[PDB]
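Residue numbers (the entry's author numbering), protein chains in the order written: chain q, 98, 119 to 144; chain R, 69 to 113; chain F, 32 to 457; chain E, 38 to 247; chain C, 45 to 132; chain Q, 89 to 166; chain I, 107 to 212; chain G, 29 to 291; chain s, 75 to 97. Note that CB positions come from ideal geometry on N, CA and C, so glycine has one too. Have a look at the structure below before the remarks.
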Amino acid sequence: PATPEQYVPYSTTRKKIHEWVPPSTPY
Amino acid sequence: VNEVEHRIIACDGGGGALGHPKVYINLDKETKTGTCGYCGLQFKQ
Amino acid sequence: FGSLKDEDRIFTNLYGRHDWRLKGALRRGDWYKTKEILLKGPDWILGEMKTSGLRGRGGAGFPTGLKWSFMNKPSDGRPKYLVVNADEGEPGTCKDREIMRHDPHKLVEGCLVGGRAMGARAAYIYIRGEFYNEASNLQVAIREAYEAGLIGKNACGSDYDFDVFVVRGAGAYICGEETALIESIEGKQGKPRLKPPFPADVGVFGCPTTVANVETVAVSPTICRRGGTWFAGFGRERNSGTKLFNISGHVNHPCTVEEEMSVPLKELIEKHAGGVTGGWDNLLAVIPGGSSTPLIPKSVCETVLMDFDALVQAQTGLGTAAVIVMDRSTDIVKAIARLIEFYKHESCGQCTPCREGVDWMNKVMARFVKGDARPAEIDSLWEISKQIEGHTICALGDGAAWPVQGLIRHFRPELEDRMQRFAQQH
Amino acid sequence: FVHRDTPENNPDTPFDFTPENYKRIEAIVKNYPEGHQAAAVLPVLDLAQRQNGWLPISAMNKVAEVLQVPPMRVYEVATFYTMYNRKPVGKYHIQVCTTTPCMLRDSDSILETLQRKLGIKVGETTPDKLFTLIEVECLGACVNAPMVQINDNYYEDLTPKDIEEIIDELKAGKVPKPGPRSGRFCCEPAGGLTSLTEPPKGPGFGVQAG
Amino acid sequence: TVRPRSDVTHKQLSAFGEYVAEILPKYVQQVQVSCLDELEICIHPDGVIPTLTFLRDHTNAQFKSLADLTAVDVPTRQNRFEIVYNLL
Amino acid sequence: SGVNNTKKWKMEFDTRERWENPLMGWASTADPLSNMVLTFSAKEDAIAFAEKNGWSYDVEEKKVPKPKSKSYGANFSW
Amino acid sequence: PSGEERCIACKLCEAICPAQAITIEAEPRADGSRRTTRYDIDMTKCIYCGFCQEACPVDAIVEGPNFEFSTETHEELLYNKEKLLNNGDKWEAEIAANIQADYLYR
Amino acid sequence: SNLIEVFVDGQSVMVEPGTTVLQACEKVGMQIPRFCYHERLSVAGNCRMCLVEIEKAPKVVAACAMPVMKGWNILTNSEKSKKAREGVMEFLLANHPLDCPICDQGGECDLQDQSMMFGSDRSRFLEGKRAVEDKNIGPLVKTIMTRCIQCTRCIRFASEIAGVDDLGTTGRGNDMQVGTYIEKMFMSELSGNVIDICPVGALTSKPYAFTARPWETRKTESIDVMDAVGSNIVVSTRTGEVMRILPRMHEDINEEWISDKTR
Amino acid sequence: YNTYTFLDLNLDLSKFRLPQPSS
Ligand SMILES: Cc1cc2nc3c(=O)[nH]c(=O)nc-3n(C[C@H](O)[C@H](O)[C@H](O)COP(=O)(O)O)c2cc1C
Ligand code: SF4
Ligand code: SF4
Ligand code: SF4
Ligand code: SF4
Ligand code: FES
Ligand code: FES
Ligand SMILES: [Zn+2]
C-alpha cells in the first residue's frame, strides 16, 4: 500500500401506518 | 452539473463494466438537467 | 424496342411548346371521342385496358385493368371514388410533374374516362404540396373543362356524372403510398393502413376507392380512344406501352423523354437524353426505377433493356423508371447513404421494422462512408436489410432495404477498402 | 415535438381567419363529402399557414374549432408534415434540394454559395429575417438537379452565380424570374428535344375505332 | 450448445423396451425411450417384484444394482406418489 | 398479456396474521400453511385433494375471456 | 465516488439470494431519485455465495475480504443499510483494488 | 354453420369467418408474441412482432390484422416466423434504454419475456441510442417515455375506452413521440389503466413508483368497494401491507379496467 | 402567382362541383 460501540439493529422503514389521533378538546 | 455539448449524453457511471449500466440522457431542455436514474448526476446541456 | 415514333408518343405537349390550356388541348384533340367511349360502356373501357395489358406506371407494377376491375363490382350503397396521386416524392420522378404543368387536360379526361370504368362518383387529385405552381395550372385546366361542360354532372353530354377535385399534399413521400394518401385525404396523419382491408373495399371516407399513378390515369383515354392494341404492340410480352423515362445525374443532357419501353439501357443515354457524362465507361452504376429500386452496375447496364420483366430478372425494379446515373468520380457509399438519410427523414414510424431499422442502417451507412466500421459489419447490414424488407406494413421499408442490398451486392470490395483505408491511418 | 408555451408562440396570440380567409375555408369543406369537414384539416391548416407562417399553437387550436375536430388531431397533422412551420420562418424561406440526384449535380455545391451569400448557417433565419435556409429533401424536379425552392418560386439548374443573380434580385426588388435558369426549360434534353418536334397528329388521328 | 448424442443408444434401448414389454405383457403399461436417451418402463404396482426380478436375473438384461428408489408426488393424479426405481 | 399463468387450477389457503418482528422490522407469521399453493390440472382433482385432506373449499369457476370479434377495417368506416 | 449510494433498489439483490436473507423496501428519496429506505442481510442466514455481487448491475452490493467479524451476540449479525454502507465506507480502498483486479475475468 | 376451416400447425381448427390469424392460434392454444394488440382495443399493426407464415405463401402476415381465409395452415414455430421475431426484437431493443433495474415493470414486462423467449441472445446495435424528454401527464402516471415502443395502445385506449382524446402521436420517423403535444395533464377516470396497458414501463404509476418489484408481491383476488359496480380487482400485498390494487378480468362487471379512485 | 390563388380557384369551382353525398 463490554465495549459500548455494538451494532444494534433498526426497522429503517418510516412506520408504514398512521393512527387517528383523537380530538384534542371534548364535545 | 456536468455540462455537455450534445443533445444526448451517455452515463456509464464513470466506467465501463465497473460502473452502472449505460443509459443515454436527453439534456435537451436547459429547463431540466437530465439526471441519470442510476448516478443522480445532473447534466447541464 | 426503341425509337418510339412521335406519332406514337402520347404526351405530345411534353416540353410544353403547345397551349397546355384547352385551346392547345383541342388542337391536340384530347377530348375527341370522350362521349363515345363513355357511351360504349364501362365494360368496353376495361376491355380496352385488359387488351392493352398496361402495367402500373407508378413504382409498383400490377396489371392496370385488373386493379380497376376490382371495384367494378356492384355498389353497396356507398359512393365509389377515384384518387389520382400526383405526389411523386421518389427522386427522379419529375415524370409526373410534366403532365400537370403541361397537358393537364390529358389527365382531366383520363379522370372521367377512368371514372366511368370504375363508376367513380368523383376524383380527387393529390398533387405534391411543393408543386404549388403545378396545382395552379391544373384547376385552371379543370375550371376550363367544366365551363365547357366536359366534366360535371351529365359530363361530355352523357348520362354519367363526375366531379374532379385537387387536394394539397404537405411535403411527405409516404403520402404517395396507395393507402396513406387515402388517409391524408381523410385528414388524419399520413400513415398507411394494412392490406387486409384492400383500398377498393374500404376507402377514402370509408367507401370504395382506387388509386392510380397520374401517368396511368392520363394514358387511359388515349389507349381507348386510340387502339389499345396499338399500344400493346409497343410493349414486350407482359411489359407493354411507352412509359416516360427520366434520366438525371451524370448524363450530358438530362431530360424526361417518353421513348418506348423495353429500351436497351445503354441506348437511352447514348441515343436520346445525353450520353453518360464522361463516356459510357464512366458509369459506376445505374439507378433504373429511382431511389427505391436497387442500382445495377455497368456490367449489367448495357445488357438489360428497360422493362419490368427484364429488370426483375436483373434483381432491380422498373418502378417510376427514373434513371439516376453515377460516374466513377462518385462515392457509391455516400450516394446510397443520403437515400437512407432520405428515408429516415421520411418514413412514418408507424411500423417497428422501418422505424428503428431504417435509422439503424442510416447510422451504419454514415460510419461506412467514413470507413470507421469494420468489414464484418457489412454483411450484418445485409441481415438488417432483409429483416426490414419482409416485415414492413408498407413498401417503403421494402424500398429502403433494396439500395442497401444493391451496394453490398455489387460494390462490396469498395466498401471493404473504405473499411481498410481508415484502419491504416489509425 | 413539444410546444412549451412562449409569450410569442402561445395560446395568448389571437388567430382568426380573415373574413376573406373564412370564405376560403368553406370552399374547401364542400369539396369533401358532407359531415367530413374533418378532412379539411390539411387544406385549412395550409391557409392558416398562408395567413401567417408562424402558425402558433393558437392558430392550430383555431383550426380545430373551425373544423370541429379535436385539437390533438390538428396538432398531429401539423407535426407530421414538413410543409407546415410551427416556428416563425423567414420572409423568404429558401429550401435547397440535397437528395442524391441533386447532389451528383453538385446541389451541395449550391449550398456553400447560398450560406456565404446569406452569410448565415443552414437551418435558421437571417438576422434580417429576410431569408431562411433549410436543407430540404427531394422536391420532384430532379431533371434540373441544382435546385432551390423559395416560397414556391421553385428555381432550377442553379449555379453559384445563378443563385447569385437570384438572391440579389430577392434582396433588392421582387419576383426574380422564378423558374429554370439555363434555358433548358422543364426537362428539355439540353442538346435538343430529340422528340415531339413532329407536329401534333390532330384530333381523330389514330382512333382506330378504339 | 446441442448435446453430443449417439443415436445408436436410442435405438438399442428402444429395442430393449419392446423386448421387456413383450416378455412381461401383464404388468407393463407404457414403455418409452425419452430423448435424453434413457429408458422408462412403467409397470402396474402389482408388477413391482415380477418386473424387477426379471431385470435382476435375465441373461439378456442383467440389472444387478438399484441406483435409487424415490417417489415424485403429483398431488393432482389420483394415485399421487409415483415410485421410481433406477437400475444399472 | 401472457396467458400461461392462468391455465392450471391452484388451491391456496386462507390469509392469517402477517406481523412485524420487533427487533428488525421484518414480517413474521405463525401460519405454517401460508406459503402453500398446490397446483392441480382440473376442478375435479382439486376438490378431491381438499376433501381427501379434510380442508374446507371455496371453488371459483374459471373466467376465460369470451370471443370478441376484431377487424382491422372497422375503424375506417365513417 | 461522488458519494451517491450505488444501490437503486432493484430487488434483484435479494431475489437470487437462496438463503432468503435480504429485504430492501424502497421509496423515491425526495430528490426524485430512486434509493433504498431499507436494506438488510441476516448474516446468520447468508452463505457467502456471492450471488448478490454478480447479479448487481451497478456493483453496489459486494462481499468483502473480511473474515474477522465474529460477534458476542446475535443482533450484531443482522446488518442494516448503515452497517453495510459505512462498512463500504471502510474497505473501498481495499475492495476496488480487487474488483479492478478481477473485473476482466468477470 | 359458417365456420370456416383453418389449420394451426395442423390442428385443423374451425373458426368463424372474420377471426384474425392471431385469434385462430389462440383456440388451438398457441400464443403469437404480440405488442400493440389488446383484445378490447382496435387492431393497429404498429409493432409487427406477430408476423407469422401461413402455408405455401410468399410473405409473413400480421396475425393481428389478417382475416384467416379457407384452409390456410398457420406455421407459428417455423424457421421463418422465428427470424421474423428474432429480427423485430432486434429493433425494439435497439433504441431501448437499458434501465430495467429502474423500470418498475421489471418482471411485469411483455418485452423482456418475448425477448427472453422468442428474441435474440445478443445485440448487434453498436451505435448510439435515442432519448426523449420526460413530461408530466399527471400525478398518477409517471411517463419515463424514452421507454415507449410506439405501440399506440395508449393512444387508442385514451380514445376508445376513455373518450379523452388528449394523447396522440407527434412527429414522424424515429422521432415519433407518443404524448400530448402541449403539456395538458391526462385528467380522466379510467386514467390509471394506461399503466396496466402499456406493456413497456415507459409510463407507470407514480405512487407505486419504487416500493416493490412484482415477483415478491403476493396476489389476493378481491372486490372493489369504493364504487357500486363492484369491479373485480387483485390486491398485491408484500410482507403484510397492500402495495398496489390492479384490475383482474370479469367479463360482465369490470372487463380488465378499474377506476382511478379504486387503484 | 400568389399564396391565395390556388384556394381562390377552388372558391371559384365550388358551383362547378355538383352536390356531395352525406352519411
Ligand atoms: C413510400 C411510398 C411512396 C410512394 N410514392 C408514390 C408516388 O409519389 N407516386 C405514385 O404514383 N406512387 C407512389 N407509391 C406507390 C403507391 O403505393 C401505389 O402503388 C401507386 O401509386 C399506384 O399507382 P399505379 O397503380 O397507377 O402504378 C408509393 C409507395 C410507397 C410505399
Ligand atoms: S444492491 Fe445491487 S442489486 Fe441489490 S438492489 Fe441495490 S442495486 Fe439492485
Ligand atoms: S451472499 Fe449471502 S446474501 Fe449475497 S446472495 Fe448469497 S446468501 Fe444472499
Ligand atoms: S421496459 Fe422497463 S423492463 Fe421491460 S425492458 Fe424496457 S426497461 Fe427493462
Ligand atoms: S406509452 Fe406505453 S402504450 Fe403508449 S405507446 Fe409508448 S408503449 Fe405503447
Ligand atoms: S433530388 Fe432534388 S430534385 Fe429530386
Ligand atoms: S401484434 Fe400483430 S401488429 Fe403488433
Ligand atoms: Zn449514471
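Using a Cβ-Cβ cut-off of less than 8 Å, give me the residues of the stretch 89-102 of chain G that come near chain F, in sequence order.
Residues passing the 8 Å Cβ filter: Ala90, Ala93, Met94 and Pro95.
Does F/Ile76 pass the burial test, meaning 16 or more other C-beta atoms within 10 Å, or should it be called exposed?
The residue in question, F/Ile76, is buried, as its Cβ has 16 or more Cβ neighbours within 10 Å.
How is F/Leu85 classed by DSSP in three states: helix, strand or coil?
It is coil, neither helix nor strand.
Is E/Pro217 helix, strand or coil when you go by DSSP?
The answer is strand: DSSP assigns E/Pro217 an E or B state.
Please enumerate, following chain order, all residues with a beta carbon closer than 6 Å to at least one heavy atom belonging to ligand 4.
Having a Cβ closer than 6 Å to some heavy atom of ligand 4 are G/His124, G/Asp127, G/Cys128, G/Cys131, G/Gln133, G/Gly134, G/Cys137, G/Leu139, G/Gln140, G/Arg175, G/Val228 and G/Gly229.
Quick check: what's the CA-CA separation for F/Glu298 versus F/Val250?
The alpha-carbon atoms of F/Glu298 and F/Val250 are separated by roughly 25 Å.
If we count Cβ pairs, one from each stretch, closer than 8 Å, do we get three or more for the stretch 227-234 of chain E versus the stretch 47-63 of chain C?
Short answer: they don't touch.
For G/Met215, which of helix, strand or coil comes out of DSSP?
Three-state DSSP puts G/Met215 in coil, outside helix and strand.
Can you list the residues of chain Q that q/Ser128 reaches, using a CB-CB cut of under 9 Å?
Within chain Q, the residues near q/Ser128 are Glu108, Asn109, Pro110, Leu111, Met112, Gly113 and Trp114.
Assuming G/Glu269 is part of the beta strand (DSSP E), what are its boundary residues?
Per DSSP, G/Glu269 belongs to the beta strand (DSSP E) from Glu269 to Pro275.
Using the three-state DSSP reduction, which class does F/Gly183 fall into: helix, strand or coil?
In the structure shown, F/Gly183 sits in a strand (DSSP, three-state: E or B).
Which residues in the same chain have their Cβ closer than 8 Å to the Cβ of G/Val89, if we skip the five residues on either side of it in sequence?
So the list reads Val49, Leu79, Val80, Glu81 and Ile82, once near-sequence residues are dropped.
On the DSSP bridge list, what partners appear for E/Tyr192?
Per DSSP, E/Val185.
Hey, how far is the Cα of F/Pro73 from the Cα of s/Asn84?
When rounded, the distance between both Cα atoms is 29 Å.
Is there a Cβ from chain F that is less than 8 Å from the Cβ of G/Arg276?
No, G/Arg276 lies away from the interface with chain F (no Cβ there is under 8 Å from its Cβ).
Which whole runs of the beta strand (DSSP E) in the stretch 75-161 of chain F are 3 residues long or more, in chain order?
Qualifying beta strand (DSSP E) stretches, in chain order: 112-117 and 153-158.
Shorter than 8 Å from the beta carbon of G/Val169 to some beta carbon of chain R?
No - not a single Cβ of chain R is within 8 Å of the one on G/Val169.
Here's a check: name, in chain order, each residue in its chain whose Cβ is nearer than 8 Å to the Cβ of Q/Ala138, leaving out the five neighbours to either side.
Correct list, in chain order: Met99, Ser144 and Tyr145.
Give me the residue from G/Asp138, G/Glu244 and G/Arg272 with the minimum Cα distance to residue 284 of chain I.
Chain I is shown only over 107 to 212; residue 284 of chain I falls outside these bounds and no answer can be derived.
What did DSSP end up calling residue 2 of chain G once you bin it into helix, strand or coil?
Outside the shown range of chain G, which is 29 to 291, sits residue 2 of chain G, and nothing can be said about it.
At the level of alpha carbons, what is the spacing between I/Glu178 and I/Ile130?
Cα-Cα distance, rounded: 26 Å.
Roughly how many whole angstroms lie between the Cα atoms of Q/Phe164 and F/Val233?
Approximately 7 Å between the Cα atoms of the pair.
Any beta-carbon of chain q closer than 8 Å to the one on I/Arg144?
So yes, I/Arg144 belongs to the interface.
Please return the same chain residues whose Cβ sits closer than 8 Å to the Cβ of G/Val270, not counting the five positions on each side in sequence.
Within the same chain, G/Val270 has close Cβ partners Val263 and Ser264.
So, does the stretch 148-160 of chain I touch the stretch 35-52 of chain F, judging by three or more C-beta pairs under 8 Å?
The stretch 148-160 of chain I vs the stretch 35-52 of chain F: no contact.
Should the stretch 441-448 of chain F be regarded as contacting the stretch 401-412 of chain F, the criterion being three or more beta carbon pairs within less than 8 Å?
Taking 8 Å as the limit for Cβ pairs, the verdict is that the stretch 401-412 of chain F does touch the stretch 441-448 of chain F.
In terms of residues, what are the limits of the beta strand (DSSP E) holding E/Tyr129?
Element bounds for E/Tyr129: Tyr129 to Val133.
From the DSSP secondary-structure annotation, give me the bridge partner or partners of F/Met450.
Partner(s): none; F/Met450 has no beta bridge.
Return the first residue and the last residue of the alpha helix (DSSP H) that E/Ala64 is part of.
Looking at the DSSP string, the run of the alpha helix (DSSP H) that includes E/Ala64 is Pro56 to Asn68.
What are the residues that DSSP puts in a beta bridge with F/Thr241?
Paired residues: F/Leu113.
At the level of alpha carbons, what is the spacing between F/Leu349 and G/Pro61?
Approximately 37 Å, taken between the alpha carbons.
If you count every other CB in all the chains shown that lies within 10 Å of the CB of F/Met292, and 16 or more means buried, which is it?
So F/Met292 ends up on the buried side.
Three-state secondary structure (DSSP) at Q/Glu100?
In the structure shown, Q/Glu100 sits in a strand (DSSP, three-state: E or B).
Please state whether DSSP places G/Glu81 in a helix, a strand or coil.
Of the three classes helix, strand and coil, the one that applies to G/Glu81 here is strand, per DSSP.
Would you say G/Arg68 reaches chain I, if we count a Cβ-Cβ gap shorter than 8 Å as a contact?
Chain I, which has no Cβ nearer than 8 Å to the Cβ of G/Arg68, makes this no.
Would the C-beta of E/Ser144 count as close to ligand 6, meaning under 7 Å from any of its heavy atoms?
Under cutoff, so the answer is yes.
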